[PDB]
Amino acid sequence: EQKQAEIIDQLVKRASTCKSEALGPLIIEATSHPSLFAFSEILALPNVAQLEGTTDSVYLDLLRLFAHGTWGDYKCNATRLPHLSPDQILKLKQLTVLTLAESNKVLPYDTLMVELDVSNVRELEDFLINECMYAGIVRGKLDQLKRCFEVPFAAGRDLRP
């Protein structure tokens, strides 16, 4: 954990040996993979960049989203992207927490709820503990009285060579 560096290795090796037709499926695989949170190195592959202009360009758009965007960016672009699976939705919400933690080491519950489309503090805390801390991508403290998440330790999305 990295575990991530290992999967990036396997994916880069496959992307640079497989037919270009296999790249869309590889992108769906990457964005569904339980241990993968950093997509920059994959996005930067010349193999992937060359999907632009092709029938699979929407999958490059999907990869760009997972590299750089938040759950909100997906909602904005949903009519021009494939529909996401539960695993992809979960991952984009986890990545959104990582983006927020990059900007601020104290995250108000109200901000988190808007960014993640979580309706209540229970659902929010459950997500932070049972999906984010569980995955090893953040370590911090929940302050129920102050309604905030103090997150000194968060995985970086722009983690790259």
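Residue numbers run from 1 along the displayed sequence.
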Checklist outcome for this item: Entry B factor averaged over C-alpha atoms, 16-24 against 141-149: higher for 16-24
Item to check | Mean temperature factor over C-alpha atoms, higher-scoring stretch between 46-54 and 127-135 | outcome: 46-54
Item to check | Per the PDB entry, maximal CA B factor within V97, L36, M113, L62 | outcome: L36
Checklist entry - Thinking about Cα B factors across the chain, which third does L92 belong to? => result lowest
Checklist outcome for this item: Of the three thirds of Cα B-factor ranks in this chain, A67 occupies the lowest
Checklist entry - Where does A154 sit by CA temperature factor within its chain: lowest, middle or highest third? => result lowest
